[PDB]
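Undergrad: Residue numbers (the working numbering): 1 to 406.
Yeah, the Cβ is synthetic: ideal placement off N, Cα and C, and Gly gets one too.
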Amino acid sequence: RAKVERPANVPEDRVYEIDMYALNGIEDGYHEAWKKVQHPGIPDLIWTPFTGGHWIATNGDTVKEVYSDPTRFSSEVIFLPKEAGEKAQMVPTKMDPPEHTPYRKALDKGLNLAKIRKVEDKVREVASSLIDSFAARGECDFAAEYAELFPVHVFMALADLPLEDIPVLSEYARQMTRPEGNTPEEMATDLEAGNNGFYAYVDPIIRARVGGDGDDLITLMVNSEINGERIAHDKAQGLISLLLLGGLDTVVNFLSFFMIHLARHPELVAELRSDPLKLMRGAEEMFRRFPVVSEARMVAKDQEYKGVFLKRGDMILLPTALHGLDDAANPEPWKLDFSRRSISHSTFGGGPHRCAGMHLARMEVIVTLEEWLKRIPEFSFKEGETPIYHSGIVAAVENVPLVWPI
Ligand code: HEM
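Below, the structure is given as structure tokens:
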């Protein structure tokens, strides 16, 4: 709808009509729609009048570079449109170093690789138990009956929460991650129901776990220090909330993306079923091939970049799809190749905000896939059905009916 007028720093030949929430051809798939943007010869930085007017990085080299220099490209605003964000600070996602660092250090206590190794059995239980619920059926909607459920069940185990509380957490997760609907007033109220609901829910748990010896995410966050002192109660609520939301919409959609693909590549499934080690070693490959995030950075100071003069406060969208699927970075990028030697992507971003959850994500994906093939070694996508895609900050897909012999 709303277009802004081309600013004086945007040359006419960098103008593309791209709506990140409604990509041309999104119905035929999210990755294909982004790739359709990245035509041969496209400049490294283009600009669109939609969503407030913003630049877009169009290949792996540019995505990487904008991601990794907070002095030039700040997380002061990371969400498009620039008015959305945007008051709520969701600490530390909008901080630059050094402010960012000790908040990230608190996140890392719950998510580091050594720590994640020790939760593998709990994640495997979530996955085998979800799958058991439907393996005997010979069909399921992968998205609604596994993907949507899995992150929340993982979070309960990692944050040591009663499984009984799934419905109330699920409701607040819906509200917090995809607010609805009719007016700006309506969406704000909806989001606040999510955010403030989750806030009341975790409050006493925070207080009970101060001084505690559990190694669940909540004890670890609330007992963290920030510049020499125990973290403020509210900051800790913010980290806990971030732990919940960081691993939710990304993982929900990512899991359906790769399952859609495996559903339509039985030979590849055969290959993985036969080489468990190749399966385990190929998480990076799946992350490259199915990136889901398009956050942004704000130009931190006036500066020349990629042939244009950028102004402080301009935004650059970083569609991470355009790194993993970039053929200048990964030859024959459409192939999910478990033997690929050099797997270049920014699916977890880059620089200091590079996904704190990336070790948990790898283990969730591998464990899901192992636990799936144990029970359901052969499977396909239901005849006469198609997935339904949306683009946005996080790529969305649903309707993943899969079927298997029984
Ligand atoms: C498919 C899986 C995932 C993908 C593709 C993904 C992607 C990302 C990306 C791109 C960022 C950087 C955002 C930016 O600053 O531009 C990020 C940050 C973050 N992610 Fe993930 N993520 C995934 C899974 C998870 C999981 C399982 C968790 C567990 C909670 C998680 C927690 C976080 C947190 C806390 C941050 C903020 C890091 C910081 O700002 O310093 N992520 N994620």
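#1: Tell me, please, which residues DSSP counts as bridged to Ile226.
#2: Cutting at 6 Å between CB atoms, please list the residues of its own chain near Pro319, excluding the five before and the five after it.
#3: Hey, which unbroken runs of the beta strand (DSSP E) at 3 residues or more fall wholly within the region 250-335?
#4: Mind the definition here: the region 124-135 touches the region 367-374 only if three or more C-beta pairs lie below 8 Å; say whether that holds.
#5: Name the one or two DSSP bridge partners that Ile388 has.
#6: Can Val222 be considered in contact with the ligand HEM, in the sense that its beta carbon sits closer than 8 Å to one or more heavy atoms?
#7: Excluding the 5 residues preceding and the 5 following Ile226 in the sequence, name in chain order all residues of the same chain whose CB lies nearer than 8 Å to its CB.
#8: Taking the CB atoms as reference points, tell me whether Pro291 and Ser344 lie closer together than 9 Å.
#9: Compute the distance between the beta-carbons of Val397 and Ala143, then report whether it is under 9 Å.
#10: Considering only their Cβ atoms, is the gap separating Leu80 from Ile388 smaller than 9 Å?
#11: Could you work out which residue in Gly351, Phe381 and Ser170 is closest to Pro98 when comparing CA atoms only?
#12: DSSP has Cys140 in a bridge; who is on the other side?
#13: Check whether the Cβ of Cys355 sits closer than 8 Å to any heavy atom of the ligand HEM, and report yes or no.
#14: Could you tell me the distance, in whole angstroms, from the CA atom of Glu304 to the CA atom of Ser380?
#15: In three-state terms, what does DSSP make of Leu149?
#16: Helix or strand or just coil, what does DSSP make of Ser346?
#17: By the three-class DSSP mapping on this structure, what secondary structure does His39 have?
#18: Sort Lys382, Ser391 and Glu371 by Cα distance to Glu120 and report the nearest one.
#19: Using a Cβ-Cβ cut-off of 8 Å (strictly less than) and excluding sequence neighbours within five positions of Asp132, which residues of its own chain qualify?
#20: Helix or strand or just coil, what does DSSP make of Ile46?
#21: Suppose you measure from the CA of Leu272 to the CA of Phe258; what does that come to, to the nearest Å?
#22: Buried or exposed: where does residue 420 fall if 16 or more other Cβ atoms within 10 Å of its Cβ makes it buried?
#23: With H, G and I counted as helix, E and B as strand and the rest as coil, what does DSSP make of residue 411?
#24: Shorter than 8 Å, the distance from the beta carbon of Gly349 to the closest heavy atom of the ligand HEM, or not?
#25: If you run the structure through DSSP and keep just helix, strand and coil, what is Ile56?
#26: Sort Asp141, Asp190, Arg230 and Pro92 by Cα distance to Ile260 and report the nearest one.
#27: Look up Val15 in the DSSP assignment and say whether it is helix, strand or coil.
TA: According to the structure shown:
#1: Assignment of beta-bridge partners to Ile226 by DSSP yields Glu229.
#2: So the qualifying residues of the chain are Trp34 and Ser294.
#3: For the region 250-335, whole beta strand (DSSP E) runs of length 3 or above, ordered along the chain, are 296-299, 303-305, 308-310 and 315-317.
#4: Segment contact: the region 124-135 against the region 367-374, three or more CB-CB distances shorter than 8 Å; contact assigned.
#5: The partner list for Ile388 (beta bridge, DSSP) reads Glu398.
#6: Using a cutoff of 8 Å, the CB of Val222 does not count as near the ligand HEM, since none of the ligand's heavy atoms is closer than that.
#7: Counting only residues of its own chain and dropping the five nearest sequence neighbours on each side, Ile226 has a CB closer than 8 Å to the CB of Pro102, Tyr103, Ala106, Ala232 and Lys235.
#8: Taking 9 Å as the cut-off, the Cβ atoms of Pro291 and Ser344 do not count as close.
#9: Yes, the pair counts as a contact, with Cβ atoms nearer than the cut-off.
#10: If you check the CB distance, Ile388 and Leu80 do not come in under 9 Å.
#11: Residue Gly351 is the option with its Cα nearest to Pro98.
#12: Paired residue(s): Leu402.
#13: If you check the C-beta of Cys355 against the ligand HEM, you find a heavy atom less than 8 Å away.
#14: Their backbone Cα atoms lie some 50 Å apart in a straight line.
#15: In the three-state DSSP reduction, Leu149 falls in the coil class, being neither helix nor strand.
#16: Coil.
#17: Per DSSP, reduced to three states, the secondary structure at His39 is coil, with no helix or strand assignment.
#18: Minimum Cα distance to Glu120 is reached at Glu371.
#19: Here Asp132 has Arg375 as same chain residues with Cβ atoms under 8 Å from its own Cβ, once five neighbours each way along the sequence are excluded.
#20: In the structure shown, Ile46 falls within a strand segment according to DSSP collapsed to helix, strand and coil.
#21: The C-alpha of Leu272 lies about 13 Å from the C-alpha of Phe258.
#22: Nothing can be reported for residue 420: it is not among the residues displayed for the chain, which extend from 1 to 406.
#23: Any property of residue 411 remains undetermined from this structure, which presents the chain solely from 1 to 406.
#24: It does: the Cβ of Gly349 is within 8 Å (strictly closer) of some heavy atom of the ligand HEM.
#25: Note: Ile56 maps to strand in three-state DSSP.
#26: The shortest C-alpha separation from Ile260 is found at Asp141.
#27: In this structure, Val15 counts as strand in the three-state DSSP scheme.
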